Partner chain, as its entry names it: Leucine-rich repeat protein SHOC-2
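Given as structure tokens, the chain that follows is alone and in the form solved without the partner chain.
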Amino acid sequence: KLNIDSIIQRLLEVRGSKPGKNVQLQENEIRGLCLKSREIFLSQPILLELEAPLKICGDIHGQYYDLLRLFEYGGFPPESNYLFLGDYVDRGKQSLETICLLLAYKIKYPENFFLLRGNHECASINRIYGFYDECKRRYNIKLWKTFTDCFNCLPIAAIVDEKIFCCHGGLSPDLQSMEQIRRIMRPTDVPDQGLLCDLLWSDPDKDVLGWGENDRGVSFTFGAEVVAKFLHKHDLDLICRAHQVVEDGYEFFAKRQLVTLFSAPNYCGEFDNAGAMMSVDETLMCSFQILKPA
């Protein structure tokens, strides 16, 4: 029914055009991307088990031309396998093009392209920070609600080669075993505090070794001792997350037991931060590709 190759073709057709140029897909096509990807997300585990080689990206926040630059620098699917950590919409000027290209690739390469849920893939959040407004202006609210139903089915975490735990926010004082994550039911909005909330909102903190207070007004912060206990209990080597804007695009925390990735250069057009993508080769060696704020 859905012509994925044509959709991708039109979305990529703007490579080279002046940044900011829109790609206006038909309402039916976008709705189809949501419904089809939703089916795929539900068919795969909520806790993904992936293998390198892989390219991992952090927050994109509707900066579509920067997403294009990422693919330009890392290789357009299926040239390279990808895992995004969430926060595809809000703040930026082109959340629509951004999320549609990502969903399109998920449908086109379901086994080589993966997307995790960020806190911005939650209705209460993308309703206020831009996505709703973009949908209201370019399409309609019914379509925005359709996106919400899609987002409610996104997976929550992934483990790369049994060594790298990936999630959007961070750890939770309720997280004792991976099975707790696998048992999370979808579709799900994030109505209550707890495990899922923390996985989407928590942040690492340098000042405390254990659990601390989070300035976001939700969830908690976690220190190096918490991370160490986590990694050892599940025989992991690193936690890879996003959620926090970092000046260089990537930054290590908790004595390098954790790395934060942010892929949207000059966030909100008010930061001079760079964007970064982390490459994981087949020998489990990590390298970082930086996107200078252009």
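Residue numbers count along the first chain shown, from 1.
We do not show the form solved in complex with the partner chain, though everything after this point is about it.
Task: Partner proximity in the entry with it bound: residue 207 to the partner chain, non-hydrogen atom cutoff 4.5 Å - done: The answer is no: residue 207 has no heavy atom within 4.5 Å of the partner chain.
- Query: With the cut-off set at 4.5 Å between non-hydrogen atoms, does residue 238 touch the partner chain in the entry with it bound?
  - Reply: Flag for residue 238 set to yes.
Even though the partner isn't displayed, in the entry with it bound is residue 164 close enough to the partner chain, meaning a heavy atom within 4.5 Å? Contact with the partner chain, yes.
Quick one: does residue 137 come within 4.5 Å of the partner chain in the entry with it bound, counting heavy atoms only?
Residue 137 lies outside the contact set for the partner chain.
**Prompt:** What residues of 142-159, in sequence order, lie within 4.5 Å of the partner chain in the entry with it bound by heavy atom?
**Reply:** Heavy-atom contacts to the partner chain in the entry with it bound: 142, 145, 149.
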